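# Geometric and topological summary
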Amino acid sequence: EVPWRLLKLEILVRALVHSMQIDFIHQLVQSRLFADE
Amino acid sequence: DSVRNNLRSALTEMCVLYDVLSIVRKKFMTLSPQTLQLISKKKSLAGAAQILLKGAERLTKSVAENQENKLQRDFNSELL
Amino acid sequence: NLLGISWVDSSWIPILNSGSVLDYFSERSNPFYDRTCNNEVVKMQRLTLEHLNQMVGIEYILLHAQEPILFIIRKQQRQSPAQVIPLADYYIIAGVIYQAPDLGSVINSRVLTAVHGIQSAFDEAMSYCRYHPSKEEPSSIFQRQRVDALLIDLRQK
Amino acid sequence: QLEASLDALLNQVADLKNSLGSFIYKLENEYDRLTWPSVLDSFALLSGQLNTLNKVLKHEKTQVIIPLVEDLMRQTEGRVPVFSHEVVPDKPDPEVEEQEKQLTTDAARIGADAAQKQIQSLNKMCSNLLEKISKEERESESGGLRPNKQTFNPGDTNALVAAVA
Amino acid sequence: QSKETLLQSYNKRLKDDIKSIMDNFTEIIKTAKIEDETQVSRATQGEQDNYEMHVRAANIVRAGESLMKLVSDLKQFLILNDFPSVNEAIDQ
């Protein structure tokens, strides 16, 4: 039992160094997971 | 590691100084010139000064040896 | 000595007589003075009778005999007894503090501790570090991509 | 009255050292920091405090004979003995005893006649020679006023510049 | 940002450090201590003052060496790497 939920995400698609911070997106993903609707 | 020991030694020195200041809170009245221990004190001071000068000379000699070898002149030398 | 302590040792003197306190106070220990000073009690002042022993010097005598535990008599190395001015921290006006703590010894200990700390710092900084001469920029579209992400998340939430 | 200034300087140095030790212990991260974060500054401050204390002790000449004065009113304001005894509590001191023994045995704790008296005399002669040389160097260097520099001469060539008339 | 003024400030700092080191060395050289001003503990205060003078001399020497090395590096930067107006090596 104990169904799981997505904790952390990662976007993988211009310049070369695109981005390295998922901070705000990761926090929103965690908030959506804690909502558990 | 050594940071904790240094902090402990500094705290001990500060506590000793605070105790001395509290006991004090040099004074003649109106009503080490011993020539025995001053000799040893001057000898110890000369030894400490010689050790410091020897350390400085060793550092300078290491710097000169590093400058002599034209292979790791990264000290703004190969940069120039 | 026993100024800061409050112990009660009655086994030291087994016979609690009157002369026991005087005998325990008369014994010089370690470097106490003999019966040659002036004004302690009655006995051995000089070719005179000031009192006995409390002139200038270490006044280790029985000025107030307390046979119960030990001879509790202040030094009072002067011409007048019953004065709260001893070498040790001991007062008579309800208990007070004096300048008995040596300032020179404490200052020397502090200087020694400071020298030891400086030596330890030298040993720690010379044998562990250098004592001798020896892409995440937001200027990209991330400057706006981050705002777009924030707006999209605020819309979705 | 010169002891109050030395005591205040010692208290300030102790507070600075305590702040430095707290900053070094809270940010120690279980490692021996040796990159000299404030070690140079702390050593300079310690040397300055020690020099100030030595100067205050050797400033001038102006079994315990305490200062006869109320007498307790100087340290504890109000001259309250009961309050002083109550606030007195709110300790091995083996190094102090060792230093006292070393100073009281023979003033050096090692050797009586086999000391470095000759080495001390040689050091004193060397110090006198160095002081004479330093005084001569100071008297020789005190004559310098200012090292003025020189450059091109545009002021003359300007009036010397050719024109129509 | 005030390159000439920056070099002037560096030179002034180096000169002040050298003067302080020389003055501290001269003060440590005058460590006769012919006055018995210490009335609480003469020998202890004398030994503490001798150790303090030795530590002050050592600290002055260390500060002088550090200032010398730092000024050497700063001059090497501001002169060689910064204003190498003799670019004849480029033409060579």
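Residues numbered from 1 in each chain as written, not as in the entry; some residues may be left out. Chains lettered and ligands numbered in written order. Part of a larger assembly, values for the part shown. Heavy atoms only, no water. Residues with missing side-chain atoms left out of burial classes, pairs and counts.

### A few points about the interface of chain D and chain B
At the interface, 19 residues of chain D touch 14 residues of chain B. Broken down by secondary-structure element, the contributors of at least two residues to the side of chain D that touches chain B are helix 1 (3-26) and helix 5 (117-141) of chain D. Looking at which element gives the most residues to the side of chain D that touches chain B, the answer is helix 1 of chain D, with seven residues. Here the residues of the side of chain D that touches chain B sort into six nonpolar, five polar and eight charged. (Contact = heavy atoms within 4.5 Å. Helix = DSSP H or I, 4+ residues; strand = E, 2+ residues; numbered from the N terminus. Nonpolar A, V, L, I, M, F, W, Y, C, P; charged D, E, K, R; others polar.)

### What about the arrangement of the chains?
There are seven pairs of chains in contact here; the most contacts are made by chains B and D. As for chain B relative to chain A, no contact occurs, and the smallest C-alpha gap between them is 28 Å. Taking C-alpha atoms as the reference, chain A and chain E come no closer than 31 Å and do not contact one another.

### Looking at the interface of chain E and chain B
Tallying the contact residues gives 14 residues for chain E and eleven residues for chain B. For the side of chain E that touches chain B, the residue count by class is three nonpolar, seven polar and four charged.

### Quick word on the packing of helix 1 (residues 2-24) of chain B against helix 1 of chain D
Two numbers describe how helix 1 of chain B lies on helix 1 of chain D: the axes approach to 9 Å, and their chain directions differ by 160 degrees. Comparing the axis directions of helix 1 of chain B and helix 1 of chain D gives the class roughly antiparallel. Read as a crossing pair, helix 1 of chain B and helix 1 of chain D show a hand that is left-handed. In contact with B:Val3, B:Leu7, B:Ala10, B:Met14, B:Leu17 and B:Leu21 of helix 1 of chain B, helix 1 of chain D contributes D:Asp7, D:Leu10, D:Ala14, D:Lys17, D:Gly21, D:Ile24 and D:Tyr25. Taken together, the residues that form the contact of helix 1 of chain B with helix 1 of chain D break down as ten nonpolar, one polar and two charged. (Axes fitted to C-alpha atoms, helices over the stretch in contact; angles between N-to-C directions. Parallel < 35°, antiparallel > 145°, perpendicular 65-115°, else oblique. Left-handed = near helix turned anticlockwise from the far one by under 90°.)

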